[PDB]
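The chains carry the letters A, B and C, assigned in the order they are written, with residues numbered from 1 in each.
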Amino acid sequence: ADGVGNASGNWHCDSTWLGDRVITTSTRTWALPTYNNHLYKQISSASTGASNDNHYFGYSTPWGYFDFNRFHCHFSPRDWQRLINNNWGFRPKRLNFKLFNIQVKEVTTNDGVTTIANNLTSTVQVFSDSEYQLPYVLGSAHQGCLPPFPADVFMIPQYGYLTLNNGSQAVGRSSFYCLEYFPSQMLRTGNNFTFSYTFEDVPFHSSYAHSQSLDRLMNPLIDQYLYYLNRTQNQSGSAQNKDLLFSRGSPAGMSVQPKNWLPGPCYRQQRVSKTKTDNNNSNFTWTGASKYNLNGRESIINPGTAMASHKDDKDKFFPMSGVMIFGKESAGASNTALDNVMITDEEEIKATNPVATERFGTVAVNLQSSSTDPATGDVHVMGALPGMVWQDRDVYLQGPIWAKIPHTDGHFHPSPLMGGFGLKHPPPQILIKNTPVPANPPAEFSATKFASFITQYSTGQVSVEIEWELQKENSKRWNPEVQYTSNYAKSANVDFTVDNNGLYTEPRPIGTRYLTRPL
Amino acid sequence: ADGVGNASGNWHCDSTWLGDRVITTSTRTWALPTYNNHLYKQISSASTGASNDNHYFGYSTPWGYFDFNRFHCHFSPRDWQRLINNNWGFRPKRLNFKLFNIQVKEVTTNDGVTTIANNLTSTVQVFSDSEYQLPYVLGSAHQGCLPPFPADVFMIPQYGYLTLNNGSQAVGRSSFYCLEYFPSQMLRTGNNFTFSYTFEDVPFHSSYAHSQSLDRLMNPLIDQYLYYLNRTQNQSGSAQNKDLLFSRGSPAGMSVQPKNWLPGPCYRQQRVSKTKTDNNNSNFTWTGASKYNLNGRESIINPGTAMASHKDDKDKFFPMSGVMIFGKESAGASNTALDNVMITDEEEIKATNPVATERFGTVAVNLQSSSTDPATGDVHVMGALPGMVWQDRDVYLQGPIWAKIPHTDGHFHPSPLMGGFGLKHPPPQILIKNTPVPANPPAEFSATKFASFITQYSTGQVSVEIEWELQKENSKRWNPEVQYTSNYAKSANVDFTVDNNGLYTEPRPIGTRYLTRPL
Amino acid sequence: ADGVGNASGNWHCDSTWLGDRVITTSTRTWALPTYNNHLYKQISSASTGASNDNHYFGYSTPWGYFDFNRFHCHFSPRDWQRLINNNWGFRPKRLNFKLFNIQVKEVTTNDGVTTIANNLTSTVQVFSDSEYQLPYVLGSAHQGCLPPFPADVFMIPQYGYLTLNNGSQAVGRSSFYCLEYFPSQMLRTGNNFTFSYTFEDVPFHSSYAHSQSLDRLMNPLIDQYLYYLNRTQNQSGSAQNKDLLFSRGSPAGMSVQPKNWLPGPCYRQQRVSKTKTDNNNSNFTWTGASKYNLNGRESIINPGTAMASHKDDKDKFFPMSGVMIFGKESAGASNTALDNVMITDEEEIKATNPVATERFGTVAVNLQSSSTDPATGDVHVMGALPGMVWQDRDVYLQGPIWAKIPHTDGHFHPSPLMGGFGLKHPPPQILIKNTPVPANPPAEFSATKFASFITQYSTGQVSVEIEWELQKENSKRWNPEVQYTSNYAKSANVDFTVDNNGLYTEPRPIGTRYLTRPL
């Protein structure tokens, strides 16, 4: 239960702050079509003339899925502000899902005149793959998430997946999943669906920027008790003579003092400028791109290793594929102008992580001697070395929240490369589909496959509640900190607001790293 | 106790399946000679003219050791089948050892006519180095393990070890262990030895292959909300002009979509072909071999990092030293023909791990600009990078089970590089030796070292029971999976069977990765 | 336990009659060699030039097996007499096995002079395949059973088996069993082995002959109330005219009276005479032999369906392969003279079962009419028809006792075709083998297979006790019955006795069907 003329759920949609806790609960109203005419279909790069690196094999499903894996699905711009401006970190604790006031309509089109009526007896099916038995497509930054603006109605994305492929063909080990082979709950107007999940223990997300840097971590007023080789050729003597002179760590030469740690790992990336003139005249997008080679296919590393987007005084350049880029509502599908996208800046970590477009360092390459000169080389790729420390890619008000850690034998610091929390057991995929309704069948039994169905779609609200744990700050810093603030200068439109046509717009990407914390 | 005419143990040798458990208990009958005439001997590469990389210093011991560190010591071919075809993983829990029905014979050779009689009062000594105070030689894939075929009698290997060396000489820090300086139990016909060990907590071995690949892990039906730099030179305009055009993650271009993870680490290896014609005419075996340099000595990395043995459609090539190779019973000591060995194929992991003979990827090497062109380089060696995930080298019916994690300050994902479980405290080495029996001594005291002994050997059965924990599968996959199956086509001999001469033969190497599991 | 100088079992060997029960317990002393040098060997018809019907593939084992599946292993001639002369039936209830006073000797041959000494520490292994996991070879009438005469020492047969074969090659589904892969008990002089089994419920064996026949089962003094068509052409009328005259069952014409049952099933067999002159001059042994065709191979049906060996007054002929034939102790391997074998006579069942060399009957083959004449044919093969009744092949003092009912989906009246009791779970196969004893091994470890062993054999007594259930008789018959009796007429030797050289001899085959019982 209960009934047809009885709401099966209310509009819960608030935000509650409780010291070290904050419950965000937002509800949006959705629309679900009938996909593929209730058919599972094999799909492939086959006959697309697709590049060799773009081949793929998989299946498109008749099911739709719920996806709220974006911060703006839960935090209003103002809340996000509250969060990033006063806390050193946060993480998800537990969540709550709910489907209600579901209504199934049946459209009868004819003579251009289409009519929409209720089919009070139709059902919609749901089920959460809580045992992760289906391929996981959440956490690949796809569209179809809950809209940022509560007053927006959205369309549920269609669920499709991929599997092992050799060119545009499949292989023996390829897998095909049928979602109807999963116990799922059926609903009619008066029914509703609910379910709760608990997040696994996960590190707080570092919502702060360091107020010191690895190199500058010593006492500016005092020497060290350590010495380093300072000269191998004596100064003057009106001749250049071989020697071995040592000096001891001085504040006057911090760049040469023995230290305890190393910058973060790094996989260098090409650098491009926001002013076309500076760029080389060619299309190096794929040519000079940092790609990884997985079984014959190349794939751009994007955004790849967390690295400072640019060195100080140069928010002019950016890693060719080392920064998150969101599109403004104006941006088109492909080859859209620069001012139609928003490129994130990850320079807040230049204090501990290597800059993405530069060399990580220099390495000795030979054995110097009186007869052969000491040579070196530039290291462009650097794996994990003991003593390394680093910061992970920051998250954004419109970025991903989590991603499922692949189920592999081993894995290194599994933090989703494009921002987020790495979960061994993430929130499960919620699958929904309209059950088929056979149109009038022949008056004489026919065994051939049924392919005539009442055309219909469904609609209802969905509520998602998440309890977040805050990590308050207690900086003993004396001077004011940086804080996200809307510009007070007058203008035609207000940031994160609708316009004269009712189109909600997210002007810029907001990070979370404003508050300071020493190393 | 008990007595001379009383069996001190029975032939336990079965296999029991209990849902998530499986107890394999196999017993073989052994033969132990007298090694080195009861003498400890110093040994070295000294005076062998041995290469510089082959020098070594150590001691050969009068003791023998038990070694059952190979899967076929416990699993029959059929059992192995049962295992690999229905479980997603497994691991050792606890074991049980037992020595019994020991008999000591004394051979009296003369005039070519040798006679073997029982020495009812002789003793054999045993002891398990359960405190790991002796150099560990198990887990280096040596011969001498329990035979695969239960009906085979085997000879216990002789225990020898190495220590620090400088060329063919020793050093101050070198160590010399005397096994008689360990409390050991002595046995006569009527005695027996028993002992049980419990395995440490260890990850299940991944006995499955992925049904998806890192690159192809997204939803084939939906776009992303992320954008990437698509062109840096505008298309057409009857002129090639600098630009900055962005596109957004589309299914039509998966190879360029921002992702969350990276392929596994990699240390490139040379590639050789099974058809000599394709190979270069030279002996690059050591020349172009991937070697590591540890204190003046070079050593081939073999099999090294877990990497796909070859890309799709090429089970024709193989890493020069990146795959396990077992010899057929026909194979000789050295320089034996190809068809006398069996080369394992590790292509089951090409979904997550880099191919061993190819570059891991491409890296930007400079700072492009209108005046200087964007250049890149091929990365042949790649250390651990955050966001990396990978699969470990599979194990084989005739491969190692475990290896002792070296006792070092640090260590990375310590999974035995040539397959197996890394144990901090592995099953201890079981040492056995025939106690010396002085031949008739002079009738007048002489202090010089005793060197006249009754010639004798011993024999008895040994039982090893291991309880394995299974990780059942619950794949919601719809289509049939791949499964190990003996070929049904008729032939002269049955696989894993004796021939007309009674020689047991293991036709091919069986892996464990057949079942599928999505990423 | 217990000890070396301590007997581990006594010589139980009696027979006890207890009304409706009879316990036969006999013990014989055995000798077991080392077979195949402790090697499992593949064996086949390969390269024997063997006929197409004689191909086979299998393995010969290093194990020996105990077999007491012959009545004379338990019943003395006199006991057998007691049994067959006073009981209407009998069957096995429960049994008891025991191995003891086992002694292992080690032969050292040299210079033609061979010496046999005790190896007080050697072991012999035993185990009963009580789960029927090994191919069953008992119940195929092989030699190697316990000797009839208690004072005879015997050699344990070697255990070998067959499996699926295509010509002289094997197939995928072929099976290879290793007996060392079975938990088995080990014994030294002072040890012994014991085990008891309980027979399944099985029909008593019909140890009687019918004193009536199917056709002659009515009242000789009275008519029937039924009528039958007696003539279709009127008698006389000085002309032969069509008619329909009926008569009623009269004693004067029993051969035409309606009856209630039918004779037994039948598969006709060629007939041969004991006096060569009567036989056709050719070698029809295989030519005109009744063979069955199972997958390309032909096989003689022998002895096949239970049928009377010959009609009354003709114990001169016999079914070419429809009667059991035992060889006198004089008979050779092949092509031995008639008077060197003993051919059983199964005429005791001619009262209910069809004679083996004749047609089962006659059948109408067409539709007679004034224009076409009524024709018939001889039926040579007759399957089970409702209303059929029959007697099974009798057993002999020197015949089989039981056989294992094959594990097949279905099976018809599974009474072992060559006499005996069909058991779903028969007494298990008892397997015994001498454990190998490595001769002196090299003084330097060698991984190659061990192939040097102390030559030895074992010996001991074996006791088998069986409790049989008797089915006493209560015939109200007035006249004396037939009874097995030794001839009283004087002669040179006594039946079932040793001769002047100590050779026990079984003069004739004794059945069990002497007593009478009406239908």
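Keep in mind that, in the parts below, a residue touches a chain if its C-beta (ideal position, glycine included) is under 8 Å from a C-beta of that chain, and two chains touch if they have at least 3 such contacts.
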item	value
Topology of the chain contact graph, where touching chains are joined (line, ring, star, complete, other)	line
Chain whose averaged C-alpha position falls nearest the assembly-wide average	B
Rotational angle, Cα trace of chain A fitted to chain B, multiple of 5°	120
Mean-CA-position distance for chain C and chain B (Å)	54
Whole-Å gap separating chain A and chain B, where each centre is the average of the chain's CA atoms	40
Mean-CA-position distance for chain C and chain A (Å)	79
In chain C, residues with contacts to at least two other chains	none
Parts of chain C lying in touch with chain B, wherever the complex brings them together	1-4, 36-44, 46, 59, 62, 106, 108, 110-111, 117, 119-123, 125, 127, 163, 166-174, 176, 178-191, 435-447, 449-450, 453-454
Sites on chain A touched by chain B in the complex	43, 48, 50-51, 53-54, 56, 58, 60, 70, 131, 133-137, 139-145, 157-166, 172-178, 181-182, 265, 267-274, 276-306, 320-321, 324-327, 331, 333-338, 340-341, 357-358, 378, 380-386, 390, 392, 398, 403, 405-418, 420
Chain C partner contacts - residues on chain B that touch it in the complex	2-7, 9-15, 25-37, 76, 100-101, 103, 105, 107, 113-118, 120, 143-144, 149-155, 157-158, 189, 455-457, 459, 461, 485-494, 496-504
Sites on chain B touched by chain A in the complex	203, 206, 209-233, 235, 240-263, 265, 308, 311-313, 350-352, 354-355, 358-365, 367-377, 379, 382-392, 410, 413, 415, 474-479, 481-482, 516-519
